[PDB]
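# task: produce atomic coordinates for the following.
(chains A and B, ligands or ions: 7)
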Amino acid sequence: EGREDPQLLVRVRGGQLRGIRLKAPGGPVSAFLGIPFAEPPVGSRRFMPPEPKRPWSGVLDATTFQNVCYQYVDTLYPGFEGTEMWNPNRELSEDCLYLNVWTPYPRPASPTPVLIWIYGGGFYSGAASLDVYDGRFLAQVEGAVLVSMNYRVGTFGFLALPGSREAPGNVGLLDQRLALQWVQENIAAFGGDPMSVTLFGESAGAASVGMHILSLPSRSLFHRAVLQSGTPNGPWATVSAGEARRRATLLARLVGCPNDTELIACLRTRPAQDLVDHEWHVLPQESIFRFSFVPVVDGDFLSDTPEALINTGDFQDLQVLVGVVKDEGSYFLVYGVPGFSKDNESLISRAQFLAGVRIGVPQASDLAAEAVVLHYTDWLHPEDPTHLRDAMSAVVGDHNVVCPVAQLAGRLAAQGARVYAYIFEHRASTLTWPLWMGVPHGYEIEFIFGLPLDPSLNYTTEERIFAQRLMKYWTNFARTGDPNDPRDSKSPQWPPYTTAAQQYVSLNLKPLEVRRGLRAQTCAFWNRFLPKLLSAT
Amino acid sequence: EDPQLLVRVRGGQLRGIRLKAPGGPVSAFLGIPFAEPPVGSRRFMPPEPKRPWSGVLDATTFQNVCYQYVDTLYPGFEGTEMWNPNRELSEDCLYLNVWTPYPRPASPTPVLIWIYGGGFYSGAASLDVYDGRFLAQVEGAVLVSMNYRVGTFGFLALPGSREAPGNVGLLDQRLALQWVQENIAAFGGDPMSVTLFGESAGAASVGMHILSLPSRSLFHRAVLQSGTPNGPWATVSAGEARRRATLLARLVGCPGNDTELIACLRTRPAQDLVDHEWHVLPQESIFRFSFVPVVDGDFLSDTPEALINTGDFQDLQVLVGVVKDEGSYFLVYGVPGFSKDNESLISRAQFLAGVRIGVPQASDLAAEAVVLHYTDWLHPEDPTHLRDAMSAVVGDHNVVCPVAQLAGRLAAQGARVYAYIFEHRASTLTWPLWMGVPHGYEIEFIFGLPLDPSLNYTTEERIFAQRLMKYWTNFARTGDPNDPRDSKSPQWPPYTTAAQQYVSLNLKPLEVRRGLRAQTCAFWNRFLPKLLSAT
Ligand SMILES: COCCOCCOCCOCCOCCOCCOCCO
Ligand SMILES: CCN(/C=C/CNC(=O)c1ccc(C)c([N+](=O)O)c1)CC
Ligand SMILES: CCN(/C=C/CNC(=O)c1ccc(C)c([N+](=O)O)c1)CC
Ligand SMILES: *[C@@H]1O[C@H](CO)[C@@H](O)[C@H](O)[C@H]1NC(C)=O
Ligand SMILES: *[C@@H]1O[C@H](CO)[C@@H](O)[C@H](O)[C@H]1NC(C)=O
Ligand SMILES: *[C@@H]1O[C@H](CO)[C@@H](O)[C@H](O)[C@H]1NC(C)=O
Ligand SMILES: *[C@@H]1O[C@H](CO)[C@@H](O)[C@H](O)[C@H]1NC(C)=O
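Residues are numbered from 1 along each chain as shown, chains lettered A, B, ... in the order given. Ligands and ions are numbered 1, 2, ... in the order given. Below, you will see the structure:
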């Protein structure tokens, strides 16, 4: 060294790092990108829990994002911004267990609360290096230390032969836990406070945050949690051990690997792409919002089902922020329900609605399906194509996100937790999906991370002010367990969600509005009635 | 002797009586026999036409009430006593009443025929709230009402037997309808314009005449207030009617083929049968009645649901409707926690228990479905919400949703259908405020009782009653309740399956609404029948 920026050089447990000085709209931030936190889970380590990264020699260059975990790449609308913004933006590789750190420049004086991001992507996709997860704005404007990790997805992260030693399952969650242990040991070297760590994540990343809440070994690694449009409970975030075994065994057959040791050994000789090319083909029914390889209820990482664990756990110590976007379901309709396209209005027939309910609720018996169709039909206009389109969206969003979130918020609150709930209702002026899709799944993230502050990106001025308000809420929650500004009592206040009052806030361009009941009538259908109907039929 | 009060019908001569209505006199012919008294060997048998008589028969007073249970829940309280028999009880009760204008109509006049309710176990055409003088005087109508047998006497059935074939109380109604055909022209009535109207069990009876071909040639239009032939209480299967009759016979000590069983029942004094009438229901329930019309394959060739689903109604005009709180009345008669004397704020546990009583045929899963649909999950334990939800369950299950189903099926199969909800609560009502507008408390307005200054109704209620009398009689005259001379825009539109328009009847002008509890009635009419079948 000697000629380098002395404020970009840092030592962690594994050796010396060189970061890079990035420009944010209000000034510089420090980024340390591509820090390895595990041994590369390659070859004999495929499907195995991660091992801590062995120390390296010299100064590791941490100025660029590392490889994205090998994954399926979405090809539905090739070249369309609305899909490509989620696709891998670095080389696909099984050598992908790296994390990223953004801090103020120069690094902070006092120990600073840490935010750890866990990306979504249905547990089959995602990367911490995507533009919408850019930590520079929270670091610069709010002074936060922000960490994001890559974790294995798809078969590499979640293929399980439950009870085997060579594929115990949930190793993608163990990747996340190892990054959390890395933060505990090393974040102080960046000025981060290991005693104030807040997890946040969206969709499967939110479900992941919920699983760390529910898994004893993770609970000593963080203090507060944010779950955006996802829950560990609900119909897609976990599978039984029997179902995971069935899916792993079918996938093996499809790639030519007909005793668990021999089966897994043959799988480890298969090229990564061959596994990806058959991943989607093991689902038990025609479905949407269902993913082949997800966390497994193993009796280990998850000692029981999430529903059992949230129904009986002690959460006196927990502060959580949870919420949903306005149109959770619309995104999923164009990836499978006949009649839906991003390129037309998707006005569907009653027949297409019934067929779509079977795909969106693939576990429903005929009676359960008919119950869904009866609840969601508008009986003054039972065949109006616009209502049917919007009802199909609401079926998929309610069943997979809103009512699982309502259930989690209600159970956590009844069990001692401080819960804050929101609905996010603003549609980005820059959104490229059609207007009928409303505010789709995932389109609050760019506002939480403060992308509207980047002048290049063509957001409106009000969207810039809105983004800053949101970053305030999130970082205030990280700092204190309370999204409200300890000062500004003039601005309306965000009350806790309670079982008795069920209050939550609207997040849009106008000041906070408090509302009661998270789709309370409809979610009683999903959360109380439907399980008893399915058990009887 | 007043010649306006002397009439010759086919059976002989009648003397009526001149009555005072607020606007002038009316002619009343009360207590006209239309059948041989159904006594002794004729108990449980179809009625027979009245034999001719000599001289002038005195038709100046109401005749006996058909033998029936007398309600004793709140003795001496007007709200219950107003429905109790106001003449002596007798099985010799097959008489009818005719109100005409004074002087007798110069041209043939549309006829309204009232069929009273009372759950098929009670009722009488002599009740003060069925007083026909106001409709006759103000609207110039000819009004007819008949007594028909109720309880075991009208509906005890050993299906297939010769001595108790079932439905004889409905045959009583039909005989009176044919009497109107043969005789009403002598009073100035027009036998070619006959409108039936009735409430609760009487509306269900009107519906059953719609669905039985021999009655169709006896009337032209129909009004069904707060009751339907379809739905859970108005009929029983042949198998269940046989079970109840056999059980009642067991209870009164009658040991055996149908002939001997019915013979021993015929020896029992009337009160012996009434004493056990209420003891044969298969479950603890409300809004269920032991002896009601039976699907015999004769009067009712199939179930009302099958018949309204397949019938052709292209030349039928129907007016149907409900009151705002169909269910509240029934809660104080069985549901623990409910009383006319306190606000009946109930717990959640009492709500669950009430749903089993109010939907006595529901499985556990179906009862859970009802509870979860009617709970307000924003206030799941609020006593006021739970009370009002209990009322709504009973009213929707038994009246509102069956009415919506009938209106939609009739409209879809060519019928002209007009629909209403009645939302004015009488200023004179004696039931508590939490019961709202209870089952049966639109009748006094249709019949025009507010026009009597002595009953202390408000001036707005007099105006409102006149408006309703005009809807009903305009519908009787034309099949359309809209005034053919009122040219303002508060028009009552026909109910259709597409737009589902109905109107609210209250002190303010007609307002048009769409959808008669469409979402909730879809649960009752579409989902729950599939659920009870499956599990
Ligand atoms: C406007 O009132 C609607 C009150 O809905 C309560 C919803 O609770 C869920 C309880 O589950 C009941 C089971 O349902 C089966 C479906 O039947 C049709 C529902 O019919 C319309 C619902 O909108
Ligand atoms: C927000 C909606 N997303 C698209 C949803 C539809 N595609 C899938 O569900 C899917 C796709 C591919 C695989 C391998 C898979 N699997 O194995 O689970 C599941 C955005 C990219
Ligand atoms: C509008 C409600 N009415 C009262 C409802 C409760 N009583 C009954 O239902 C009842 C009462 C008696 C008998 C024989 C019977 N049966 O066997 O059919 C049913 C008016 C007072
Ligand atoms: C929209 O487009 C898709 C495919 O292009 C098609 O299947 C669907 O029927 C279309 N919908 C409408 C309403 O045109
Ligand atoms: C923003 O708008 C300008 C047009 O003035 C355009 O040239 C530029 O490419 C846009 N940038 C983005 C990110 O949309
Ligand atoms: C109303 O009174 C009845 C009898 O007096 C009683 O059984 C019932 O519990 C009371 N209801 C309430 C809500 O107190
Ligand atoms: C009407 O009110 C008066 C009291 O001013 C009373 O004397 C009379 O009996 C009341 N009539 C009825 C029918 O209640």
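
# count of residues packed around the one residue in the stretch 151-300 of chain A that gets nearest to ligand 4?
Across the stretch 151-300 of chain A, no residue is closer to ligand 4 than residue A:288, which sits at 15.2 Å (Cβ to the nearest ligand atom). No exception for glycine: its C-beta is placed from N, CA and C like everyone else's. Here the number of neighbours of residue A:288 (other Cβ atoms under 10 Å in any protein chain shown) works out to 21.

# over to residue A:61?
12.

# and it, how far from residue A:18?
Using Cβ to Cβ, to the nearest Å, we find residue A:61 at a distance of 5 Å from residue A:18.

# who are the contact partners of the residue of the stretch 251-400 of chain A found nearest ligand 7?
Here the residue of the stretch 251-400 of chain A nearest ligand 7 is residue A:380; by Cβ to the nearest ligand atom that distance is 43.5 Å. Counting by Cβ atoms under 8 Å, 6 or more residues apart in numbering or on different chains, residue A:380 makes contact with B:500, B:514-515, B:518.

# equivalent analysis for residue A:57, please.
Residue A:57 neighbours (Cβ under 8 Å, 6+ apart): residue A:15.

# tell me which element it falls in.
For residue A:57, there is no enclosing helix or strand under DSSP states H and E.

# please apply the same query to residue A:225.
strand A:224-228.

# again, but for residue A:35
Following DSSP H and E, one finds residue A:35 within strand A:27-36.

# what's the offset of that strand from the middle of its chain?
Mean C-alpha position of strand A:27-36 versus that of the full chain (Cα atoms, centre = their mean, to the nearest Å) differs by 22 Å.

# that older thread, tell me the secondary structure of the residue of the stretch 151-300 of chain A closest to ligand 4, please.
coil (DSSP: H, G, I helix; E, B strand; the rest coil).

# which residues sit in contact with it?
By Cβ under 8 Å, 6+ apart, residue A:288 lies in contact with A:332-333, A:335-337, A:359-360, A:396.

# now swap in residue A:501 and tell me
Counting by Cβ under 8 Å, 6+ apart, residue A:501 makes contact with A:495, A:516.

# can you tell me the SS state at it?
Per three-state DSSP, residue A:501 ends up coil.

# okay, and the residue nearest the centre of chain A sits in which element?
Centrality entry for chain A: nearest residue to the mean C-alpha point is residue A:205, 2.2 Å, by Cα atoms, centre = their mean. Assigned by DSSP H and E, residue A:205 belongs to helix A:204-214.

# list the helices and strands the next helix-or-strand element following that helix packs on?
Per DSSP H and E, the first helix or strand lying C-terminal to helix A:204-214 is helix A:216-219. Contacts defined by 3 or more Cβ pairs under 8 Å, 6 or more residues apart in numbering or on different chains; DSSP states H and E place helix A:216-219 against helix A:171-186, helix A:204-214.

# the helix or strand just after the longest one: partners in the sheet, and parallel or antiparallel?
Going down the chain from helix A:171-186, the next helix or strand is strand A:192-202, by DSSP H and E. In the sheet, strand A:192-202 lines up against strand A:112-118 (parallel), strand A:224-228 (parallel) (DSSP bridges).

# who does the strand holding residue A:35 touch, helix- and strand-wise?
Counting contacts by 3+ Cβ pairs under 8 Å, 6+ apart, strand A:27-36 is packed against strand A:20-24, strand A:59-61, strand A:98-104.

# out of those, which one sits most buried?
Mean neighbour count, computed with mean count of other Cβ atoms under 10 Å in any protein chain shown, is highest for strand A:98-104 among those, reaching a mean of 26.

# that one to strand A:20-24, inter-axis angle?
Counting by axes from the mean of the first three to the mean of the last three Cα atoms, to 10 degrees, strand A:98-104 lies at 60 degrees to strand A:20-24.

# how far does stretch A:274-282 sit from the chain's center?
On Cα atoms, centre = their mean, the centre of stretch A:274-282 falls 22 Å from the chain's centre.

# from ligand 4, how far out is residue A:458?
Distance of residue A:458 to ligand 4, given as Cβ to the nearest ligand atom, to the nearest Å: 28 Å.

# got the angle between whichever helix in chain A runs longest and strand A:224-228?
In chain A, taking DSSP state H as the definition, the longest helix is helix A:461-480. Helix A:461-480 runs at 150 degrees relative to strand A:224-228, counting by the same axes, to 10 degrees.

# by contact count, what packs against helix A:461-480?
Helix A:461-480 packs on strand A:112-118, strand A:192-202, strand A:224-228, strand A:319-325, helix A:445-448, going by 3+ Cβ pairs under 8 Å, 6+ apart.

# just checking, next helix/strand downstream of that helix?
Toward the C-terminus from helix A:461-480 - assigned by DSSP H and E - lies strand A:503-507.

# only alpha carbons, please: show the very next helix or strand once past that following strand as CSV.
Tracing the chain C-terminally past strand A:503-507 and defining elements by DSSP H and E, one meets strand A:513-516 next. Output in CSV follows, covering the C-alpha atoms of strand A:513-516 (Å, rounded to 0.1, in the frame of the first residue of the first chain):
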residue,chain,number,x,y,z
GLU,A,513,-53.2,7.3,7.3
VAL,A,514,-54.0,4.8,10.0
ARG,A,515,-56.4,2.0,8.9
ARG,A,516,-58.0,-0.9,10.8
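
# what sits up against whichever helix or strand comes after strand A:513-516?
Remark: after strand A:513-516, the chain's next helix or strand is helix A:520-524, criterion DSSP H and E. Helix A:520-524 is touched from outside by A:375, A:394, A:398, A:402-403, A:406-407, A:502, B:372, B:375, B:377-378, with contacts defined as Cβ under 8 Å, 6+ apart.

# after helix A:520-524, which helix or strand is next?
helix A:530-536.

# that next one near chain B at all?
Yes: in terms of Cβ under 8 Å from any Cβ of the partner chain, part of helix A:530-536 sits within range of chain B, namely A:532-533, A:536.

# in stretch A:365-383, which residues are buried?
Residues of stretch A:365-383 classed as buried: A:367-379, A:381 (neighbour count, 16 or more other Cβ atoms under 10 Å in any protein chain shown).
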